[PDB]
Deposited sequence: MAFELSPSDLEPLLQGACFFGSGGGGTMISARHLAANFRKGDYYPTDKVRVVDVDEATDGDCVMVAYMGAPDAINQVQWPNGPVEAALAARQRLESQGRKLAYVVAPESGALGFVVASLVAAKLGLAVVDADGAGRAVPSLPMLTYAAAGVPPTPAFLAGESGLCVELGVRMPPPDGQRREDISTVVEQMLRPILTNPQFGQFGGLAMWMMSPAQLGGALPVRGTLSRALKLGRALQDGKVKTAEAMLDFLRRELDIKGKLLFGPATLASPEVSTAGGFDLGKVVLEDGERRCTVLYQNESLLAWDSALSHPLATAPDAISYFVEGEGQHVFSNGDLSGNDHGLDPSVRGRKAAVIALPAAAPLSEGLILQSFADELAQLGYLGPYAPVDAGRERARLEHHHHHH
C-alpha cells in the first residue's frame, strides 16, 4: 500500500515506542540500526514496501525480530541475525515449494517495526502493516499469533556471523503449559550460549496467506506508529493534554490520563511524585501495572498500554529502557521535566479470550490477581 524511506524510520520508532507500553526495545538500539539504512552493498534498496494484511497474498509470511539482552542489542549496527533467521525461513519455505514474501513485527515497539523493515529491504520482501498486539508484551502467548494457533516452530535463531539454530517443539497430548510459553522458555536460554552473546535474530510463525487474517487481527499498527511519530518529531505534541487530543482526533484513540504530569523520581519500577501523591509503574520490560499509593486497586493494568509522556521540549516518549540514564540513573533529558502516565485501551482482540487469560497469568506472577478493568 505504501513505502518507507530512511528518514521515515526516526518518526516510526518514536511512535512505536509510545505504543510499546514501556517495552518493545529501546529507541537507542532502533536508532543505531536505522542510522545505517541506505542503498548500498548491504541494502540493495532505499525503500521499504509496506502492505496491508489483505494485500499480503503473493506468498508466505514470517514473524521476525531481535531477542535477548538489550545491553547486547544496543551494540548492533546491522541486523545480521534477523536477516539470517528470515533467510533460514525462506529457504525452508522454498524447500516446501512456497515463496517467502512477507515479514511482520511481533509487536509494537521501537525495534519491532525497524527490524522487520530492514530485513524486508535486505531480502526484497514486504512488511505487513500490523503486529501481534498493537503493544509490546513480556511473552509470546500474549501475541495474537499464539491465540490464532499458528505453529510456533520451526523457530530460527541466528547470530551475527553465520551461526543459525533451529528449534522444533511438539507438545504431548493435553492431560500442560501453552506451547508458545514452552518455546520461549527454550529459545531464551539458547541465546545465553557463548556463540550468540546473549542475543540473536528470531524467525518463527511462518504463515500462508490463509492464516494471516485470523493471525493478525490488530492492523494498521505500523502506519499509526508513523503518523504519531511524525507529529512528535514535528513538535506538534509537547504536552500530555496535546497527546490525548492528537490520539483522539487523529488516531481515534481515547487514552486516559492516569497520573501527573509529575516529576520522575530516581530509581523493576519507576516512581512519580505529585506533591504527596505517588504513582508506581511496575514493569518486566513492558509496563504492566500503575499503582497510586492512596488506592487499593491499580490505576491501570495490561492488556491496556501504560506509557509515559515527558512534557517540554525534546524527547517526549520513552521505553523503560530509554528512561535509564547517567543523571540520577535517569536520562539527563528527563531529569527536570514533568512526566505523565497515559493508559491506552487495549485493542479488542486482547480484551478477551485466550489472550486475556494469558495476560491475567502474567499479572498474577506480579501479584495482581484481580479482574481486567478496561480504562475505557
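- Within the chain's deposited sequence, the coordinate-free stretches run 1, 177-179, 272-281, 391-405 in sequence order.
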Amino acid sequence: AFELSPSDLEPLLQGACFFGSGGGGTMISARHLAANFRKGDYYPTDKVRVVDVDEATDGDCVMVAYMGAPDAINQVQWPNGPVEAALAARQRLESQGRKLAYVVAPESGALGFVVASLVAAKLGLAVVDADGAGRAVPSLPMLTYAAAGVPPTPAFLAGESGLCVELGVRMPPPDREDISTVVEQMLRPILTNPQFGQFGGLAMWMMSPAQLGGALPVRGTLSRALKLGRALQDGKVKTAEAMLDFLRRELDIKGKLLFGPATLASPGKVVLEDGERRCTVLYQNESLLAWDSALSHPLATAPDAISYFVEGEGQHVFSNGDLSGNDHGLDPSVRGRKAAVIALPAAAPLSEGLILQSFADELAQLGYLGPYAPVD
From here on, numbers count along this sequence of modelled residues.
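- 208-216 and 106-114 differ in mean CA B-factor, and the higher of the two is recorded for 208-216.
- Stretches 156-164 and 131-139 differ in mean C-alpha B factor, with the higher average recorded for 156-164.
- Across the residues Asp292, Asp234, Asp304, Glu286, the deposited record lists the maximum Cα B factor for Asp292.
- Reading the B-factor column for the CA atoms of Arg92, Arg176, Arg224, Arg230 in the entry, the top value corresponds to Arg176.
- For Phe196, the recorded CA temperature factor ranks within the highest third of the chain's modelled residues.
- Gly367: CA B factor lies in the highest third for its chain, per the PDB record.
- Sorting the modelled residues of the chain by their CA temperature factor places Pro345 in the lowest third.
- In the PDB entry, a CA B factor belonging to the middle third of its chain's modelled residues is recorded for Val182.
- Ranked by Cα temperature factor within the chain, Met243 sits in the middle third according to the deposited record.
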